[PDB]
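Position 13 of the sequence shown, counting from 1, maps to 3 under the working numbering, and the rest follow consecutively.
Think of the CB as a built atom: it goes at the ideal place given N, C-alpha and C, for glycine as much as any other residue.
Report on the structure given below.
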Amino acid sequence: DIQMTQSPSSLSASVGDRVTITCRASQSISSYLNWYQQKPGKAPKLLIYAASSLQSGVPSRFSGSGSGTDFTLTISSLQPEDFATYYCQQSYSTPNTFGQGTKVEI
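Next up, the structure:
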């Protein structure tokens, strides 16, 4: 029964400004965590697996860190295309369980 608090829950900032996100793992997941992004009316379109390694196109400013319990989702150059809700998922165990959503504002 794996569970993710993710804070903060709902944000707002300015173009090109550092924005930072957390998730604490009820359970140690090694590095077995994903971060999803999904603008409104769209689907989770993945930014990062195993904690950090991105995937192509994923613009330069997305930087996933941490392991075990505490992960950290820096978007450290927010731009206006980048506004949306950002999320955590373990692939660790099944059931897999999403984070519960920090929504960036531009």
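- From which residue to which residue does the beta strand (DSSP E) around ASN24 run? By 1-based counting over the sequence shown, the position of residue 24 is 34. Residues 23 to 28.
- How would you label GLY54, buried or exposed, when you count the other beta carbons within 10 angstroms and need 16 or more for buried? Locating residue 54 in the sequence shown gives position 64, counting from the first residue. Buried is the call here.
- Rounded separation between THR62 and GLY47 - CA only: Translated into the one-based positions of the sequence shown, residue 62 becomes position 72. Translated into the one-based positions of the sequence shown, residue 47 becomes position 57. Answer to the nearest angstrom: the Cα atoms are 20 Å apart.
- Query: Among the residues of its own chain, which have a CB less than 6 Å from the CB of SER50, if the five just before and after it don't count?
  - Reply: Within the sequence shown, residue 50 is the residue found at index 60, counting from 1. No residues qualify anywhere along the chain.
- Task: Just mark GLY89 as buried or exposed, buried being the case when its beta carbon has 16 or more other beta carbons within 10 Å.
- Result: By one-based count along the sequence shown, residue 89 stands at place 99. Burial call: buried.
- May I ask you to list the residues that DSSP assigns as paired with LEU36? Within the sequence shown, numbered from 1, the residue matching residue 36 stands at position 46. In DSSP, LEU36 forms a bridge with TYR26.
- Query: If you follow the beta strand (DSSP E) that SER57 is part of, which residue opens it and which one closes it?
  - Reply: Taking the first residue of the sequence shown as position 1, residue 57 is located at position 67. Residues 52 to 57.
- Cutoff 7 Å; reference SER42; Cβ partners in own chain excluding five residues on either side: Looking up residue 42 in the sequence shown gives position 52. Same-chain partners within the cutoff: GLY54 and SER55.
- Alpha carbon to alpha carbon, how far is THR(-5) from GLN79? Translated into the one-based positions of the sequence shown, residue -5 becomes position 5. Translated into the one-based positions of the sequence shown, residue 79 becomes position 89. So the two alpha carbons sit approximately 11 Å from each other.
- Item | Identity of the residues DSSP links to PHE73 by a beta bridge | Start at 1 with the first residue of the sequence shown, and residue 73 comes out as number 83. Note: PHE73 sits in no beta bridge, so no partner.
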